[PDB]
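Next up is one chain by itself, shown in structure tokens, the form deposited without this ligand.
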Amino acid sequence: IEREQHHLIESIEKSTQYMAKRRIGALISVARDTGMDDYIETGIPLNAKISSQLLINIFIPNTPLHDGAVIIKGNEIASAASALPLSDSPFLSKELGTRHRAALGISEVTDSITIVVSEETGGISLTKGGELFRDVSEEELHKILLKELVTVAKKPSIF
């Protein structure tokens, strides 16, 4: 369903834009082909409609839902305050803490796309397949989410 996927992307972009300006730390993992059921069950179940508003309310500091991962599965916010594994990568910059290391860790054992907001700088990062793309612009964020979450790769790969 192309329509739900474009809404998902917009919801991620607007919520992370708001948190970034406020240096609110956040972690959103979007499940793809590999199952994330065991990580979903570690958290508080929501099974909620996706909206930028609900994503922002989830991550407000010192609230019951903020301390852990949001996992998006199908067309729902499946859970909040979920556990994710921590990467032991030594290549990760020293100013990045356990949130970035959790995002990297999940990307190492799933094909999920994970978006991170830094509580120190408000920079936005992405992880995929054991790798981190640090401090992306608004345009780069949009381009990678469109490519990785909207199925309609139809054109020749070179482009």
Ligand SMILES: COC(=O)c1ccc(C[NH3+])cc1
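Residue indices: 1-based, along the sequence shown.
Not on display, but discussed next: the form deposited with this ligand bound.
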Taking this ligand as it sits in the deposited complex and superposing it onto this form, judged by whether 3 or more of its atoms come within 2.4 Å of backbone or C-beta atoms, we find the site open
Checklist entry - Though only this chain appears here, would residue 9 touch this ligand in the deposited complex if you measure heavy atom gaps against 4.5 Å? => result yes
- Query: Counting only non-hydrogen atoms and a 4.5 angstroms cut-off, does residue 136 reach this ligand in the deposited complex?
  - Reply: no
Using a 4.5 angstroms cut-off on non-hydrogen atoms, would residue 143 count as touching this ligand in the deposited complex? no
